[PDB]
Amino acid sequence: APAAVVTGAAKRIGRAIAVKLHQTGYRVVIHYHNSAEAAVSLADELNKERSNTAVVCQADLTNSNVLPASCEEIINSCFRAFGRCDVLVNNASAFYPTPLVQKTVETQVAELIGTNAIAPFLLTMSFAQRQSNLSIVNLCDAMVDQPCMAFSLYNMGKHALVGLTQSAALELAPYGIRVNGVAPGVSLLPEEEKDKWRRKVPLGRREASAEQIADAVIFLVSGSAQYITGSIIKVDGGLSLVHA
Amino acid sequence: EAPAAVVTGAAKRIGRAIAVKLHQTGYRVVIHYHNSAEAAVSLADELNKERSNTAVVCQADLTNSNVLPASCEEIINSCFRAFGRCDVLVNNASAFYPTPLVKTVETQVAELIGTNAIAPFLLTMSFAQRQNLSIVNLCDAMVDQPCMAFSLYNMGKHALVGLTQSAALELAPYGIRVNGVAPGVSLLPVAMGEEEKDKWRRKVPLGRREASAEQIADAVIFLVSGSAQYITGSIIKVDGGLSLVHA
Amino acid sequence: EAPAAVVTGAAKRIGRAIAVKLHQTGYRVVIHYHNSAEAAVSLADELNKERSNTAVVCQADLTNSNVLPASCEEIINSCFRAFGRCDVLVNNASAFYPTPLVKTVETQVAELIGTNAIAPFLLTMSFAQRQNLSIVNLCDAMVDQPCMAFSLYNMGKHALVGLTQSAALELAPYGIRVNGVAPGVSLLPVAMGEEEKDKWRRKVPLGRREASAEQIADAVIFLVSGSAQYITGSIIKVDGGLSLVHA
Amino acid sequence: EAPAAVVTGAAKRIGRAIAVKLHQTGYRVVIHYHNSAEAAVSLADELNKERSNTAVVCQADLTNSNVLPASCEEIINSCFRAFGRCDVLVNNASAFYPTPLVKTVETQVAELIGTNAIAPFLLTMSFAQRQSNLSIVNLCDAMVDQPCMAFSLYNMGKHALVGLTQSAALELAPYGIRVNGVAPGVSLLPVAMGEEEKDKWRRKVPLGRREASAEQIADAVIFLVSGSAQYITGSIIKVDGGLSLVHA
Ligand SMILES: NC(=O)c1ccc[n+]([C@@H]2O[C@H](COP(=O)([O-])OP(=O)(O)OC[C@H]3O[C@@H](n4cnc5c(N)ncnc54)[C@H](OP(=O)(O)O)[C@@H]3O)[C@@H](O)[C@H]2O)c1
Ligand SMILES: NC(=O)c1ccc[n+]([C@@H]2O[C@H](COP(=O)([O-])OP(=O)(O)OC[C@H]3O[C@@H](n4cnc5c(N)ncnc54)[C@H](OP(=O)(O)O)[C@@H]3O)[C@@H](O)[C@H]2O)c1
Ligand SMILES: NC(=O)c1ccc[n+]([C@@H]2O[C@H](COP(=O)([O-])OP(=O)(O)OC[C@H]3O[C@@H](n4cnc5c(N)ncnc54)[C@H](OP(=O)(O)O)[C@@H]3O)[C@@H](O)[C@H]2O)c1
Ligand SMILES: NC(=O)c1ccc[n+]([C@@H]2O[C@H](COP(=O)([O-])OP(=O)(O)OC[C@H]3O[C@@H](n4cnc5c(N)ncnc54)[C@H](OP(=O)(O)O)[C@@H]3O)[C@@H](O)[C@H]2O)c1
Ligand SMILES: COC(=O)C1CCN(C(=O)c2ccc(N(CCCO)Cc3cnc4nc(N)nc(N)c4n3)cc2)CC1
Ligand SMILES: COC(=O)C1CCN(C(=O)c2ccc(N(CCCO)Cc3cnc4nc(N)nc(N)c4n3)cc2)CC1
Ligand SMILES: COC(=O)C1CCN(C(=O)c2ccc(N(CCCO)Cc3cnc4nc(N)nc(N)c4n3)cc2)CC1
């Protein structure tokens, strides 16, 4: 059975991705930072379905002097548990505003650029170095070119992740590793404010769900996507096409 | 009952593979063709051997003219006549040849812009008016790094990106999704010399080979599926990384 | 010897401002027009009062048809007959109106795709065949966030992006640069209610106002200048940030 | 009163051409540099010979670190100290070298992402906070979506710079600060690159089969800071001779 690493897998979109990969027959590494109880509860659910098919792995993905070692350990945890690592899903992400005009700003850089871009880069390095249907899926943002007001560092990090997706697709193609993205628009919100976000969506008659994001990940890691690399699939209900 | 799909230019090559995979997924299919009558009828015969009364052919020229709206309405009508419904439209048919800046030029406009853009637009209109509904447009992953001396073809494929996005927005309230699949190098021309085919294959980072028709069809199957119900206005490159390679 | 420029749709609004600024920069100008004869002639008379024998008018319909290639050849020929050279082509003329998916539709195709894409292509062909040479195409900064029910217009503007890029590549060996200027909200219709105009103006981050025609013309002047001699295939948005604003 | 500009990495090459053309347009200039002190001082001397007290140098490392915010604040402060105003910021300084996926990697992150993205962000913050024709120009890369093999961190940094350009254009528009980019394709090749390798790059360019001069890049910066660009914000102008349009 193939094996996958999902970062930020305890809750929300990462959890849905881990569940759908497991349902597809993958063994999974459930990475978490703060959500140990939720990570272990997910692993317990998946292991009840198929014994010894889910493990957890703790790591802070903030940039620091130790982040490279932390990322090498996440990949190593998959090889140790399952003897292989076929899929990496870079899902974990910090998200909060960083206004240009008025945590230290350098802590915000470490968290926003680290989680959304540098950790994906280091995980990609470790995944490739440790190596079939191998692939990486990066969780992008469908609104990357129509950014949220006062979200500069977040937007910079998601732009950097587009660059990584494309750069790594090119560089890792000779190794047979595909590198793609899934770009949610409005997916799971953290009622009046939620409804303001919902109302913009052309396909809004249909509820946005973590499972719809996971469905695009399942396609990209499947044999039905064996010629697809460097592609970012928007899963946004049309939101990115709506003008101001 | 079984859903129904129209595939334009479905007698051969990528359109044929799309029609076959939709049929294997449980669709009834209208095999549109222009000149390839024998191949269209042979495909319909093969699919009907698998499941009786699940495939028909429909002939039409998709060159632009004052009758193209009637032709496109008739293709959609042929799906309703055969199957009583029309759930999926795949705009695959396409003229492709150079038009250097330095057949009459108006015939070249009619063929290249008609097949790649205006016929998709009119088919989209007729599909929407006659109503998991979706449209898939066959785009081009190289639309922003165009082939030398292919201006009109490239204009047509750019127009098709615009249609995909415009129609996704406008047809969302009707529950019709509109997406694209953008091949890079897929099936090369039968007439192309082996050395020239190999020059194209060597461009592709992922495996130094062209996409099979079936690999292109796999992306179409995903976009029409229940696994894509929140996806509209998206164009999936199926290009092996070709579009990311610099000069 | 003074250089010469053709500006399509130059009688009014943005095209007029482009023709005026080119004239102020030292160009002789062909003022193309379709229906606005009085305004075209008034502009020519103003420019010739400033400098004798520096402006002519040229009437043509730029709707697609069997005669459009000849019409476009004649517009370019009018510049050579008046001024002995043609250094700059500005493709500004444009039909703009909704075409809902749910005039005949083929007339709408001919007008919207003809003015926005096919006439630019044929004018580009004629300009290149007759040869700091450059072409500037008037694009649309909102081409990837289109207006509801404007599919044919949006298809035409997407095709014009493709032409800009294709022609930049193909004409580079001849030293002809091909670029675009993409307004967001510029001049609104006089008859549009101020309440509706203000809805458009409030969308614009930079000053909550539309671009003047002169601000659009400033980008054209840059692109045809010596300060842009390495720039080809580029589309400059002149949109006050509009295209960056989410729904 | 003459306006004033900061140009990062301005001792040599494209940054020097930008500083020179801004100075010729009537700006007073801060020539920021990191290691190229002799070149920076030679340039400042030449500009001050043309017009007294119109050029100063400012040294700073733009690698990311916990002091980078203070360094970036000090570069903007140096323009106010010399000239009493700061009208234009040009983010030109840039580290560029390969980082294969298969110096410590954290140093490479700090240099490549710091110079190309984080320093521009912090300089943008300081420029806005310290505040008419105000604008910022970021030196981008026309090949950002067709990246060089094994340049992932550099490419990530330049993609982040596109995001900053767009984000800052939106957020600073209410303050009348425009934020735009210039995206070279092939411009000045490295001093150390062999001629045969330079010619491989030159032969890629449709328009003239040659690299952009430093002055051609500077011309696009001068347009974007001028009154002829007063409605332009969030735009990235490719100055690439068609390079980005060429398929594999
Ligand atoms: N939700 C949306 O509408 C939306 C829209 C656009 C894009 N996306 C993208 O889709 C992906 C998933 O979105 P989501 O809303 O499910 O994400 P989320 O809930 O905001 O974050 C997912 C997980 O990221 C992990 N994470 C955060 N900071 C971390 C750090 N410093 N170190 C390690 N892990 C850290 C957290 O793990 P722990 O809980 O274990 O600490 C968290 O549960 C993200 O990449 C997001 O940017 C989502
Ligand atoms: N092959 C590639 O490498 C590649 C690369 C990029 C994009 N694509 C796109 O993928 C799609 C399929 O490619 P393909 O290579 O399989 O296409 P193709 O063989 O060139 O053409 C497909 C069919 O289009 C039909 N067609 C042509 N002109 C027509 C007209 N005037 N009226 C009606 N139908 C007409 C023909 O039908 P009849 O045979 O019945 O006359 C033909 O069999 C096209 O949209 C193409 O642009 C392909
Ligand atoms: N205004 C904006 O906010 C805006 C926004 C985005 C893009 N743009 C683009 O900028 C350019 C100028 O905009 P504008 O608002 O000044 O344009 P406009 O007033 O709508 O049209 C310019 C001229 O196009 C000519 N034209 C229309 N149909 C024609 C046909 N069938 N044959 C020949 N010429 C025809 C007309 O000439 P006659 O009057 O002589 O008949 C008209 O005066 C256009 O390309 C437009 O798409 C403008
Ligand atoms: N040349 C091209 O073909 C090309 C192509 C695409 C994009 N661009 C972009 O255009 C801009 C100018 O290119 P260029 O070739 O002239 O650049 P460059 O010579 O490679 O670098 C410009 C300056 O950046 C400074 N710099 C490097 N690391 C630094 C650090 N840690 N801290 C502070 N400053 C640092 C250096 O200053 P010191 O010398 O004082 O140490 C250097 O002189 C860059 O943003 C580049 O990415 C250039
Ligand atoms: C008689 O020959 C002709 O009229 C010309 C046909 C095109 N041509 C070429 O050299 C050529 C052929 C196939 C090429 N392919 C690589 C991908 C290009 O997009 C394969 C490919 C195959 N068939 C195709 N059919 C569509 N409708 N559209 C595509 N894009 C297409 N492409 C590229 C260039 C000159 C000869
Ligand atoms: C024929 O029926 C009509 O009069 C319709 C015209 C369009 N219309 C609008 O509501 C409308 C008009 C102008 C609008 N502008 C804002 C920018 C939109 O791109 C101004 C603007 C102005 N004239 C324009 N002319 C070109 N050729 N192209 C542009 N894009 C154009 N645009 C927007 C919507 C419905 C009425
Ligand atoms: C000497 O060892 C190194 O540091 C490496 C430098 C990069 N390198 C290359 O092969 C190389 C060098 C210059 C190249 N240029 C063509 C445009 C690439 O974008 C010229 C160009 C010039 N200097 C540059 N400086 C910035 N800061 N950024 C740009 N992009 C840059 N580019 C391309 C590839 C390997 C050796």
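Averaged over the residues of peptide C:208-216, the number of Cβ atoms from other protein chains lying within 10 Å of each residue's Cβ is 2. Close amide-amide hydrogen proximity is noted between A:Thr229 and B:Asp239, B:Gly240, B:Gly241, each under 5 Å apart and 5 or more residues distant or on a separate chain (H modeled in the peptide plane; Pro and chain starts excluded).
Other residues with beta-carbon under 13 Å from the beta-carbon of D:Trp201 carry, at +1 per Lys or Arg and -1 per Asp or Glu, a net charge of +1. The Cα center of the range B:57-136 and the Cα center of the range C:99-160 differ in position by 19 Å.
A simple count of charges around D:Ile14, restricted to other residues whose Cβ falls under 15 Å of its Cβ and scoring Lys, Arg +1 and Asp, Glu -1, yields +1. From the C-alpha gyration tensor of chain A, pull out the three semi-axes of the equivalent ellipsoid (sqrt of 5λ each), sorted largest to smallest, in whole Å. The equivalent ellipsoid of chain A has semi-axes of 27, 21, 19 Å.
Between C:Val57 and C:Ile31, the built amide H atoms are under 5 Å apart, and every one of these is 5 or more places off in sequence or on another chain.
The distance from the alpha carbon centre of the range A:133-205 to that of the range D:213-248 is 28 Å, rounded to a whole number. If you take the Cα centroid of the range C:199-218 and the Cα centroid of the range D:56-84, the two points sit 34 Å apart.
Just to verify a number: FRET efficiency for C:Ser212 and D:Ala192, C-beta to C-beta distance, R0 = 45 Å, to 0.05?
With a Förster radius of 45 Å, E is 0.40.
Looking at the range B:4-244, the DSSP beta bridges with both ends there are about 0 percent antiparallel. Along the range D:220-235 the Karplus relation, 6.51 cos²θ - 1.76 cosθ + 1.60 evaluated at θ = phi - 60°, assigns HN-Hα couplings of 6, 4, 4, 4, 5, 7, 6, x, 6, 10, 5, 9, 8, 8, x, 9 Hz to successive residues, with x for each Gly and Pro. Only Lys, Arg, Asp and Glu carry charge here, each on its Cβ (+1 for the first two, -1 for the last two); on that basis the range D:21-69 has a dipole of about 220 debye about its Cα centre.
Would you pull out the residues with amide H under 5 Å of A:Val5's amide H, same chain only if 5 or more places away, H placed 1.01 Å from N? Those lying under 5 Å, H to H, from A:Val5 are A:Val29, A:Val87, A:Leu88, A:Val89.
Dividing the Cα radius of gyration by the Kirkwood radius, what Rg/Rh value follows for the protein assembly as shown?
0.96
Take each residue of peptide D:149-155, count the partner chain Cβ atoms within 10 Å of its Cβ, and average: the result is 6.
Dividing the summed helix terms, -39500 (n - 2.57) for each DSSP H run of n ≥ 4, by the number of residues in the protein assembly as shown produces a 222 nm estimate of -13500 deg cm²/dmol to the nearest 500. For C:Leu133, the shell of other residues with beta-carbons less than 13 Å away shows a net charge of +2, using +1 for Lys and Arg and -1 for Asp and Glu.
Counting neighbouring beta carbons within 10 Å and listing from fewest to most, the residues D:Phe80, C:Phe150 come out as D:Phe80, C:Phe150.
Counting only other chain Cβ atoms within 10 Å of each residue's Cβ, the peptide D:169-179 averages 6. Computed from backbone phi with θ = phi - 60° and the Karplus coefficients 6.51, -1.76 and 1.60, the 3J(HN,Hα) list for the range C:186-201 is 10, 4, 8, x, 4, 7, 5, x, 4, 5, 6, 4, 5, 4, 5, 4 Hz; x is used for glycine and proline.
Dipole magnitude for the range C:9-135: about 360 debye, using +1 per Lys or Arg Cβ and -1 per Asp or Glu Cβ, origin at the Cα centre.
A quick note on method: Cβ atoms are made from the backbone with ideal geometry, for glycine too, and the neighbour counts reach across all protein chains shown. Read-outs throughout are calculated quantities, based only on the coordinates presented, and are distinct from any laboratory measurement.
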